[PDB]
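Report on one structure; see the data block that follows.
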Amino acid sequence: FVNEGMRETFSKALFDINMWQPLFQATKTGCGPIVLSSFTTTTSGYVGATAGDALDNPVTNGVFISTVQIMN
Amino acid sequence: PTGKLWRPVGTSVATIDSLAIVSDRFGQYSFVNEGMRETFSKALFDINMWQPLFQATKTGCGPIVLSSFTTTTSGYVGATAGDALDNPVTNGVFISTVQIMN
Amino acid sequence: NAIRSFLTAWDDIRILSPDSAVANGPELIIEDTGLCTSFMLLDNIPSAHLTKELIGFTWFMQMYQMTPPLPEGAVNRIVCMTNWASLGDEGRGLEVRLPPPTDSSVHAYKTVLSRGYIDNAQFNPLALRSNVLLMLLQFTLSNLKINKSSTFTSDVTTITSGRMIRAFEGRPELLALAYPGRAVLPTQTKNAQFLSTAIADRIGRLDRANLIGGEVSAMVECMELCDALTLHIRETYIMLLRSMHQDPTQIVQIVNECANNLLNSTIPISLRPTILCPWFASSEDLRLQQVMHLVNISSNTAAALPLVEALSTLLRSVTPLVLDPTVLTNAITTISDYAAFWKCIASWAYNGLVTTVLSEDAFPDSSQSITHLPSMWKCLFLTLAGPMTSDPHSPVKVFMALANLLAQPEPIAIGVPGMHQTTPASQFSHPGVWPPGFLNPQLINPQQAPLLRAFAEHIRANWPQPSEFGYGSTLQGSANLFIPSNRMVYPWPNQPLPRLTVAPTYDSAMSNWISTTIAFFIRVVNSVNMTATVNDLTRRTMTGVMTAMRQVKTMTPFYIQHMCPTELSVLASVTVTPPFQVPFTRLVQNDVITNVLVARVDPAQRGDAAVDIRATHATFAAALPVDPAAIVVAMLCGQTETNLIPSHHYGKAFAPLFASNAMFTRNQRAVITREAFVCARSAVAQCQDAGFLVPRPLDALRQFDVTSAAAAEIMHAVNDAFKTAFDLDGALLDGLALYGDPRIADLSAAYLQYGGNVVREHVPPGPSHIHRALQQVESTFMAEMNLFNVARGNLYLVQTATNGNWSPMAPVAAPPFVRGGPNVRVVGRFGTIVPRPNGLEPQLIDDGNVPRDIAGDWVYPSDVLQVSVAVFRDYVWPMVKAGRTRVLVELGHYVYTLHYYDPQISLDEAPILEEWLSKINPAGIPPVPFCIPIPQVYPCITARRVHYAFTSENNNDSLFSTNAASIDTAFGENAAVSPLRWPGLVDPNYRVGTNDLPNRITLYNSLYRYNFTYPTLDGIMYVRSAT
Amino acid sequence: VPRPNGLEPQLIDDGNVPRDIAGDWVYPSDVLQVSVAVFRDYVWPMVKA
Amino acid sequence: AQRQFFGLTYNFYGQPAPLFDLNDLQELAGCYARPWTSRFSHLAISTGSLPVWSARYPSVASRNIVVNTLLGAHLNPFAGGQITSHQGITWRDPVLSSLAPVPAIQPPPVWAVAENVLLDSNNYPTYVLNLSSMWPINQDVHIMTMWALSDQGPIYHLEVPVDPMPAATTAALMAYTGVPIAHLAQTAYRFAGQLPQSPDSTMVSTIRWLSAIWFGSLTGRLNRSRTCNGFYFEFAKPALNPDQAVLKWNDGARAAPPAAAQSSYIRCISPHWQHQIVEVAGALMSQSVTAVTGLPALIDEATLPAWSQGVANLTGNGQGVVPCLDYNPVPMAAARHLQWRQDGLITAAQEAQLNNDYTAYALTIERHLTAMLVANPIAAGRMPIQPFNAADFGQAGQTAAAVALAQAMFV
C-alpha cells in the first residue's frame, strides 16, 4: 500500500526530476515526464502487516505499488 | 499532486502543451498537498495557542486560520505541462504566490 | 392535436389530422381558475344565533355587509374535499370528498380489499395502509390540474386598497373566501380578531405586470388561500407538463428527418412568454413504454398480430411496388392481394415480438421421395421464399427439407442426437438441433451426397447477409430496446435508392438468391435419380418452368433492397407503437436468439422464480405462419408504375402520414405509462413488507403482507385510477396486474442467444413527477391524518361519570394506564372468557395464557377484540360500564367519527357506544365514536353525563376553531384560530413559495397562476423534386 | 421560409441556407415543378415588380 | 422600482459618422422605426432551426449590432438634455417612441456627431417623470452599454449566492422546462422590457438564477449528472444543431452552494458570437437582469477595448471592480465535452469525436464571418459585421479561467 505521506516523497522526488524537463528533450535522453501514477495500481483488499491486523484496514481501490514496480 | 496548478491554454483539446501555469494578478497558485498543510497548520497552531496573550496586549488580530490564505481552484497540477497533465485535481486547495507571501 | 393540417406545396391539398384499441392521447391539459384548494373550512356545529352587534360597513348611507371569510359557529373543522372551490372547465372524474368528522368517513377507505364482505358501515383495519395509499392516490390525481390565471380587478377596499385581487366570475361567492383579511369588519370575535392581524401586503397578487403578451400577463403570482399540499401537487403537475414540453421550432427537423428528406416542411410558430407543447418523451421513458407494450401483448399472439398488420397496411398503401403475376404467368403459361408478402416485411419491423415462420404445410412430408415431382416443387417454393421470412431457424428448416426428400439417394448422417435425415424439417427449431453437417458443409461429401454438399454449400454462401439503417429523428428518443438507438435491423443488405438501370435490378441480394436457387434446383430436377419417375419430356418441361421464373423480370428484388428500407425507416416513425426488434443472425448459430422475455424483476433479486410466459412458445416471438407458395409469387412479379419519380411518389404517400399527429400520441401515452408505473410499482412495493426500495411514509399504518394475488388488486386500483384520470385507450398498465407478480421491481427485457448469452436491457423509469408529489402527500398524511378523519393511537374505554369537561380527541388528563404498566394485563389471543362453576365469577383468559379475572384493567390488541366482540360485549363491556374495569383497545390508526351534544343535556354514552361494538367483527371495525360537548358561549350549568372513550394521542388537530362569531367561549373546548395554519397571511417573515408540507398543511400560501397557450402547428410541406 | 414582423420571406437556396427573393435566381426546372404553388406566390410577384 | 441607468454610445472604429444610414430606420422589424423593444422581433415566429439572416444582415448578432449604432446616434437625451436630430431624423415626442423625419415649423437642433458619449440618464428629467411609459428604453440602452464596452462579444454578468435557490424561485423556474436557450433569451428580454419591475422581484432572481445555471451547462459543469437544483441544459450533437439547449429537469446528484459569491463578468473574445444564436442568446439573457438591477459593481479595465478605458460609472480600475473572464467558443466547448467524459456521460472515443464535429461547425462560423466582412467592409457606411480582423478567431484568452470559475461556482 502507498499511504498518503509515502506518495509525498515519490512525488517530491519525481517533481524534482520533471523540473529538468527542458534539458531532457534538448539532450534526447530522458523519455518524457515521470508520472508516479505509472508505477502504481488501484487494487482493493485488506492492507496490514499481518493477516490479524490487516483485517482491520479494509481499503477499497487504494493505490498500491507492486514489488516489480517498487523496483522501477 | 504537487507544484503549481496549470489550466488549458489556447484553442484545442486538453493536451501536453495545451497547459500553461495558471498565473494572474495574485501570482501562481501552487497546490497545497495534504502534508504541506500539516506544517502550516502546525505552525499556526503553535501561534493560536498564544491567543490569551494577544488580546491582553491588544497586538495580534484574531486567530490565524490557514483557510484564509488558500483558495479552491481546480485544474491540472504538476511541475511541467507534460506531467501536470496526469494530476487532474478538482477544487483542490492552492495558495497563490502573493498569499504564500502573507 | 399537435398538428392540424398540412397544405402540401406540390399538391396544394390540406391534409387534416384525424384485439388492440386505437391509441388515443392522454388528457394532459385540464385547468381551473378557482381557488387552488382541497381542504375547506366547513363548519360543523352551527352557531347558536348571537346578536350580530356590528353589522356591515357604512359607505355614506348604504351599509355594505361582507361574507365572513372563515367558517363561524360552534365548531368548524378542516374537512378535506378535493376541488371544492374548483371554478374551471372540467376535472378528471375522480376525487376525495370526506364528510365532516361527524359522519362515517369509512366509505372513502374501501377500495383495495374492502369491497365484498365489509359492511358499508365499517372499514377493514387490516388493509388500512393499502387503502390509504389508494385513497391519497386519488387525492393526487384528482388535484392534477393547471391554474389558469383568470382576470384580476384592482381592489379599492381601504386597508387592502391598491392590491390587485382576482375576479372569480364563475361564482362570486369565492371572492370572500379567496382573500381572508380583505375588508375585515372590526367585530371583535375569534375569527375577526385573527383576520385582523393579516398583513395588508400579503393579500392579492405579488409581482407587478410581468411578461404581458398582448394585454394579459404570462403568469401572475396570485396570493389567494391554497393548502400547501394542493399547491404543491399542482406545482408538480405543472412540472410534469413542462418536463414533456417540446420546443415547437424543432418540430420541422423532426419531421424532416423522420421522413428522410423525401418530405421537407416548414411550420411557423409564434414563440411567446408562455406556450406549452406536451408532445415530447425522452428515449429514457420511451423504453419503459416499449417493454410495457411487451407486457400487455405477452404470449398472446392475437394481440401481437394487430401490430404487424397495422404496419402491413401502411407498408402496402405506400409502396411504389405493385405486385402482379401477369408477366410471370405469360412467361410460364407458354411452356406448360399478397398479405403473405406484406405480412413478411411488416413482420421484420417486429422481428422480436412476432416472427414469421413457414407454414408446416409448405414442407414436403419426410417419408416422401425427391423423385416425387409435386414434392420437389413444394420444396423449391420453400427455398425461394425462405429468406423472405423472419424465423432465425429458416436457413436450417430449408436446408433440412431437402435433406429429407432425398434421404435415400443422399443418405447422409445427421449429427444432432436422437434425430435422423428423415426427421420432419419443421421439427428443427432450436439452434441446438442444427445439423453439424449444415454448420460446416465440409462434413458432407461431394460424391457421397452430391446434392446436399452442394445445397448446404449454397445456403452457407447465399442466404442474404443481414444489415441495418438509421430511421426517425435524433431529437426523438430511440424508444427501441435491443438494437442501437433510432436505427433498425434489416434482413437483406440495403442501399441508397440508385438511379434505376439494368445494374441495380439484377444485382440485389434477393435477385442473387432467387437466381442461384432456381439455378440449383434446375440441376436437381435434372439429376440421374429423377429419371426413376420423371419423364424425359416432363424433365425438360421442369427446366422450362424453373428457368422462366429465374429469368422473369421481377422488380421486387430491387424494391426489397433499395426502396423497402426507406419505407420502414419512415413508416417506423409514424406509428403510435415503435418497432420492437431483436437482432438478425444468419447461420452464426450460438447467438441466434432462442428466447425473448420480459422480467418484472432481475432474476437475481427475484424471489419465487417466475419465467416470462413467452418461454412456452417454440419460436421466441409469436409464430405467425406465412405460406411460401404465396410469398414466392409476390417475389417473382413486382413491376412498378411506368412513370415513377421515387422523389414525388414517396413524398405524396408519406404526406398523409405526418398529417395525423400519431407520432406525438406515442410520446404522450409514453410519459403517462412511466407515471402510472413509477406510481404503481411504488404502491405495491409499499404494501409488501420486503420488496423494491420506495420511501415508506406510510409504514406505521397497519397492513398485512400483500401476497402476489393481493397485489394485483392494489395494482388494478392504481392502474384503473390513472386511466380514469387521463382517460386512456387499451391496456396501459393493467398488463402487469393480469398474470405473473404484480409486485414489480424494475422492468427489463432480455433475449438469450443459444451461445449461452443473455443480453438484458434494463429499463428504469426516469423520475416520475406524479409519484414525487404522491410521496410528499403520503408523508403529509402522517402529520395530518385527522384532516382525513383517521386518528393515531390507542382508544381507552375507562368509564368516566364526570359532569365537567370533555374532549375525547386531545385529552389533557394522563393516560388511564400505559400498556406495559403496573397491574395491567394484556388479554391473550382469542380473548376467551372462562365461565367458572360454583360461586366464582367469570374470568378472562390472560395473554400469559393463565386466566385472570375481569375486574381491573386490560389491554386489548384490536385483533383480539375483533375475534370475540360477542364475548367482550357480554362480560368485560358490562364490567366496564360499572366503574370496575378499564379496557385499552389498541388500534394503530382508524376512522373516528364524533357526535357533538349539549353540555346541558345529561345523557349516558354507553348506548351510543355499543352501537359500535355491535358492528365490530373480524371482517372489519366501524368508525370509533367519540362524543364531544358543543362549546357554549355563555356560562351554563352543565349536566352530568358519562363518557367511555377517548384517545391516547391528541387527535383534535382536525378542529380548526370554535365560536368564530364570539368575543370568546365560556364552556366547550375552546380553540382560537391558530396563526400557524396561515404563516403566509399572518406572519411578517413569510417567504413566497415556502411550504411546511411534510409537517403541517398551510392554508394561505402563494400559488403561481399560469396562462399557457397551446400552439397547434399546421405548415406547408414540399416534396424533394425528381432531380 | 416566412419571416415575422415585416421581413422578406427567405427562399431556401441551394446550399440549404434560406436567401432572399430580391436578387438573381437559377431555378433547376425540376424544382419549379414540385414548387410552382410557391414560385407563383412569392418569387413571381417579385419578378413582375 | 429603478431609474438611473448609466450608458455609453457605440464606437466609430475610426469612421466619420455612426455606422448606419437612412434605410436602417425603415427596415427594423416589429414597430415601424421604433428601436425600442426590437432585438428579438425578427425571431418572434420560428419556422425552423436555420438562423435568421438575410443579405443586409449577414448574421445573428447583425440585427442587434445595427440597432446599436442607430440607437446611440439618436441619444442626445440623458447625455445633453435636448432631443436633436441626425440626418433629418428625430423622435416623435418626449416619450421617445418611433423615429420620424424632422417636424417642420419647429425643428430640433442638429446633433453634434461624437464618439462614445457618456449617458447620465438623470440629465433628462422627463424620463423619471414618465417612467412607466418609456421603461423599455432603459433595458435597451443597458444592452447597448454592455455591447459598447467591448470590441469582441457582449459583456454580461454571472453571480450565484452563497445559499441555495429560494423557495419562490424553484417554483417559478419549473415553467421554462422544454424551452431552448434561444427562447429563454427572448422571454427574459421581453420581460424586463415592458413594465418597471423591482430589483428583488421573483421573476428577476429566477431569470438570473437561470442565466448562471446556463453558464455551468455551457462549461459542462452542470450536465445531466450534476444539477444546480434540478435544472440543467442537455446539449445535442454539434453536427446536428448544437444551438439546442433546453432547460431539462432531473433528480440526480445536485452540486452545492459555493463558500462565497462568484460575481463575475463574462465575455466571448472570439468573433464567433456574431453568427451563433446560442452565444447572443446567452449574453442578452443575462443582460435582462443587470437592466432592472444596475451593475452589481464596476467592470475590470484589465483588457477590454481602447475606448472603454475608465468610463464614468461603468468600467473602473480600483478595488470596487469585478474581473471579467472572457472565453472562446471553440476551446470552451472543447472543454465542455471534456467534462462529460470525466463523469462518464460520453465514451473516451466520443471525446475526440465531438471535438472534430464541433471544430468543423465553428469553422463554418469562421468561414462565414470572414466572407461577410470582406463583402461589407466598414468604410462603406454600415457595420453589420463589426471589423474583427482575421488575425484572431483562435487566440483564446483566459477561457481556461472561465472554466475554473464554473467549477468554483458549483462545488
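Naming scheme: A, B, ... for chains in displayed order of the C-alpha cells; residues 1 onward per chain; ligands 1 onward as shown.
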
Using only C-alpha atoms, I'd like a table of the residues in chain E that come within 6 Å of chain D; for each, show the closest atom pair and its distance in Å rounded to one decimal, ordered by chain and ascending number, as a tab-separated table.
```
residue	atom	partner	partner_atom	distance
E:29	CA	D:5	CA	5.2
E:30	CA	D:5	CA	4.8
E:42	CA	D:4	CA	5.5
E:44	CA	D:4	CA	6.0
E:45	CA	D:4	CA	5.4
```

Store the residues of this selection in a file with N, CA, C and O atoms, as a PDB file, in the first residue's frame.
```
ATOM      1  N   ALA E  29     -37.657  45.352 -37.692  1.00  0.00           N
ATOM      2  CA  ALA E  29     -38.844  44.526 -37.519  1.00  0.00           C
ATOM      3  C   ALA E  29     -39.735  45.021 -36.383  1.00  0.00           C
ATOM      4  O   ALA E  29     -39.303  45.788 -35.521  1.00  0.00           O
ATOM      5  N   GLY E  30     -40.990  44.584 -36.404  1.00  0.00           N
ATOM      6  CA  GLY E  30     -41.927  44.969 -35.367  1.00  0.00           C
ATOM      7  C   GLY E  30     -42.602  46.316 -35.537  1.00  0.00           C
ATOM      8  O   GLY E  30     -43.380  46.519 -36.475  1.00  0.00           O
ATOM      9  N   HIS E  42     -37.425  39.818 -35.073  1.00  0.00           N
ATOM     10  CA  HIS E  42     -37.319  39.010 -36.285  1.00  0.00           C
ATOM     11  C   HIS E  42     -37.328  37.511 -35.960  1.00  0.00           C
ATOM     12  O   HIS E  42     -37.279  36.666 -36.860  1.00  0.00           O
ATOM     13  N   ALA E  44     -39.676  36.375 -33.583  1.00  0.00           N
ATOM     14  CA  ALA E  44     -40.994  36.176 -32.979  1.00  0.00           C
ATOM     15  C   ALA E  44     -41.707  34.915 -33.474  1.00  0.00           C
ATOM     16  O   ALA E  44     -42.447  34.275 -32.721  1.00  0.00           O
ATOM     17  N   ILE E  45     -41.526  34.583 -34.750  1.00  0.00           N
ATOM     18  CA  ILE E  45     -42.165  33.399 -35.317  1.00  0.00           C
ATOM     19  C   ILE E  45     -41.132  32.418 -35.881  1.00  0.00           C
ATOM     20  O   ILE E  45     -40.525  32.662 -36.924  1.00  0.00           O
TER      21      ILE E  45
END
```

Inset, instruction - Check stretch 183-287 of chain E with DSSP on the backbone and list each residue it calls strand (DSSP E), as a list in words. - result: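 Those in stretch 183-287 of chain E that DSSP calls strand (DSSP E) are residues 264, 265, 266, 267 and 268 of chain E.
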
Please dump the current selection as an mmCIF file, in the first residue's frame; keep C-alpha atoms.
```
data_model
loop_
_atom_site.group_PDB
_atom_site.id
_atom_site.type_symbol
_atom_site.label_atom_id
_atom_site.label_comp_id
_atom_site.auth_asym_id
_atom_site.auth_seq_id
_atom_site.Cartn_x
_atom_site.Cartn_y
_atom_site.Cartn_z
ATOM 1 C CA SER E 264 -18.061 37.796 -12.400
ATOM 2 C CA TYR E 265 -18.488 39.433 -15.821
ATOM 3 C CA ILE E 266 -18.020 37.154 -18.830
ATOM 4 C CA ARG E 267 -17.215 37.834 -22.495
ATOM 5 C CA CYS E 268 -16.729 35.949 -25.761
#
```

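Excluding residue C:595 itself and any same-chain residue fewer than 2 positions from it, the protein and nucleic acid residues within 8 Å of it, counting only C-alpha atoms, are residues 593, 597, 614, 615, 619, 620, 621, 751, 752 and 753 of chain C.
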
Inset, instruction - May I ask for the distance between atom CA of residue C:896 and atom CA of residue C:101, given in Å to one decimal place? - result: 7.2 Å

Inset, instruction - Quick one: everything within 9 Å of stretch 30-43 of chain D, counting only C-alpha atoms, minus sequence neighbours fewer than 6 positions away in the same chain. Send it as a PyMOL selection string. - result: (chain C and resi 9-12+648+1022-1027) or (chain D and resi 9+11+21-22)

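The residue set within 7 Å of residue E:48, counting only C-alpha atoms and dropping same-chain residues fewer than 6 places from it, reads residues 249, 250, 252 and 266 of chain C.
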
Inset, instruction - Skip stretch 734-741 of chain C itself and residues of its chain fewer than 4 positions away, then list as a list in words all residues within 7 Å of it, counting only C-alpha atoms. - result: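 These residues fall inside the cut-off: residues 295, 296, 708, 712, 715, 716 and 719 of chain C.
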
Would you mind exporting the chosen residues as a PDB file, in the first residue's frame, restricted to C-alpha atoms?
```pdb
ATOM      1  CA  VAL C 295     -46.080  -6.963 -21.162  1.00  0.00           C
ATOM      2  CA  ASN C 296     -49.613  -6.354 -22.400  1.00  0.00           C
ATOM      3  CA  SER C 708     -48.897 -11.980  -5.205  1.00  0.00           C
ATOM      4  CA  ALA C 712     -52.891  -7.461  -8.410  1.00  0.00           C
ATOM      5  CA  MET C 715     -52.425  -2.797  -8.796  1.00  0.00           C
ATOM      6  CA  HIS C 716     -55.799  -2.651 -10.550  1.00  0.00           C
ATOM      7  CA  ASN C 719     -53.750   1.389 -12.876  1.00  0.00           C
TER       8      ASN C 719
END
```

Legend entry - Near-residue E:367 list (12 Å; only C-alpha atoms; drop same-chain fewer than 5 positions) as a ChimeraX atom specification: /E:271-272,275,359-362,372-374,390,393

What does the file look like for those residues with C-alpha atoms, as a short mmCIF file (atom, residue, chain, number, x, y, z; two decimals), in the first residue's frame?
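What follows is the written file result-v1.cif:
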```
data_model
loop_
_atom_site.label_atom_id
_atom_site.label_comp_id
_atom_site.auth_asym_id
_atom_site.auth_seq_id
_atom_site.Cartn_x
_atom_site.Cartn_y
_atom_site.Cartn_z
CA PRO E 271 -15.86 36.81 -33.18
CA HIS E 272 -17.90 33.60 -33.37
CA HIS E 275 -23.31 34.17 -36.09
CA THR E 359 -14.40 22.43 -34.61
CA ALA E 360 -15.79 21.77 -38.11
CA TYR E 361 -19.01 23.55 -37.13
CA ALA E 362 -17.17 26.52 -35.59
CA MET E 372 -19.02 38.76 -44.91
CA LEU E 373 -16.53 41.33 -43.57
CA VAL E 374 -14.83 41.40 -46.97
CA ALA E 390 -8.78 37.72 -39.48
CA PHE E 393 -10.74 33.59 -34.39
#
```

Legend entry - DSSP-assigned alpha helix (DSSP H) members of stretch 20-56 of chain A, reported as JSON, numbers by chain: {"A": [21, 22, 23, 24, 25, 26, 51, 52, 53, 54]}

Now that the selection is made, can you save its residues with C-alpha atoms as an mmCIF file, in the first residue's frame?
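Resulting contents of part_31.cif:
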```cif
data_model
loop_
_atom_site.group_PDB
_atom_site.id
_atom_site.type_symbol
_atom_site.label_atom_id
_atom_site.label_comp_id
_atom_site.auth_asym_id
_atom_site.auth_seq_id
_atom_site.Cartn_x
_atom_site.Cartn_y
_atom_site.Cartn_z
ATOM 1 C CA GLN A 21 12.229 18.603 -18.482
ATOM 2 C CA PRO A 22 13.715 21.235 -20.856
ATOM 3 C CA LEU A 23 17.135 19.678 -20.538
ATOM 4 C CA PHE A 24 15.963 16.103 -21.149
ATOM 5 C CA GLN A 25 14.450 16.914 -24.524
ATOM 6 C CA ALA A 26 17.359 19.149 -25.532
ATOM 7 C CA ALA A 51 -3.382 -11.275 8.491
ATOM 8 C CA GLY A 52 -4.500 -10.488 12.036
ATOM 9 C CA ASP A 53 -4.077 -6.704 11.861
ATOM 10 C CA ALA A 54 -4.622 -6.376 8.104
#
```

With chain B as the partner and 8 Å as the cut-off, tabulate the residues of chain E that qualify, each row holding the nearest pair of atoms and their distance in Å to one decimal, using only C-alpha atoms, sorted by chain and rising number, as CSV.
```
residue,atom,partner,partner_atom,distance
E:328,CA,B:11,CA,8.0
E:330,CA,B:11,CA,6.7
E:331,CA,B:11,CA,4.9
E:334,CA,B:13,CA,5.8
E:335,CA,B:13,CA,6.9
E:355,CA,B:13,CA,7.5
E:394,CA,B:11,CA,5.9
E:395,CA,B:10,CA,6.0
E:396,CA,B:10,CA,4.6
E:397,CA,B:10,CA,6.7
E:398,CA,B:9,CA,7.4
E:399,CA,B:9,CA,7.5
E:400,CA,B:8,CA,5.4
E:401,CA,B:7,CA,7.6
E:404,CA,B:74,CA,6.1
E:407,CA,B:74,CA,7.0
E:408,CA,B:73,CA,6.7
E:411,CA,B:91,CA,7.3
```

Would you mind listing, for every residue of chain B within 7 Å of chain A, the two atoms forming the shortest contact and the distance between them in Å to one decimal, using only C-alpha atoms, sorted by chain and ascending residue number, as CSV?
```
residue,atom,partner,partner_atom,distance
B:35,CA,A:5,CA,6.7
B:79,CA,A:15,CA,5.9
B:80,CA,A:18,CA,6.6
B:82,CA,A:33,CA,5.9
B:83,CA,A:33,CA,5.2
B:86,CA,A:35,CA,6.7
```

Inset, instruction - To one decimal in Å, tell me the separation between atom CA of residue C:473 and atom CA of residue C:569. - result: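 Pair atom CA of residue C:473 / atom CA of residue C:569 returns 10.2 Å.
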
Inset, instruction - For chain E, work out the contacting residues on chain C at 6 Å, counting only C-alpha atoms, and write them as an MDAnalysis selection string. - result: chainID C and resid 211 239 242:243 245:247 249 252 266:271 273 992:994

Mind dumping the selected residues with C-alpha atoms as a short mmCIF file (atom, residue, chain, number, x, y, z; two decimals), in the first residue's frame?
```cif
data_model
loop_
_atom_site.label_atom_id
_atom_site.label_comp_id
_atom_site.auth_asym_id
_atom_site.auth_seq_id
_atom_site.Cartn_x
_atom_site.Cartn_y
_atom_site.Cartn_z
CA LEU C 211 -44.45 39.04 -19.30
CA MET C 239 -43.64 20.46 -13.96
CA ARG C 242 -43.15 21.35 -18.82
CA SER C 243 -41.00 18.26 -18.45
CA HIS C 245 -42.78 20.09 -23.38
CA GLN C 246 -41.38 20.01 -26.91
CA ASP C 247 -39.62 23.00 -28.46
CA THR C 249 -39.44 25.11 -33.55
CA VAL C 252 -39.69 20.96 -38.50
CA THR C 266 -41.88 24.49 -42.62
CA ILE C 267 -44.13 25.34 -39.67
CA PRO C 268 -44.28 28.96 -38.46
CA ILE C 269 -44.79 29.15 -34.67
CA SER C 270 -45.18 32.38 -32.71
CA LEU C 271 -42.84 31.98 -29.73
CA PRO C 273 -43.57 34.04 -22.91
CA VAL C 992 -43.12 33.47 -1.08
CA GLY C 993 -43.09 29.80 -2.06
CA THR C 994 -42.06 28.44 1.37
#
```

Legend entry - Residue among C:651, C:939, C:767, C:926 lying closest to chain D, counting only C-alpha atoms: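 Ranking C:651, C:939, C:767, C:926 by distance to chain D, first place goes to C:651.
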
Inset, instruction - Rounded to one decimal place, report the atom CA of residue C:477-atom CA of residue C:282 distance in Å. - result: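 Here the two named atoms are 5.3 Å from each other.
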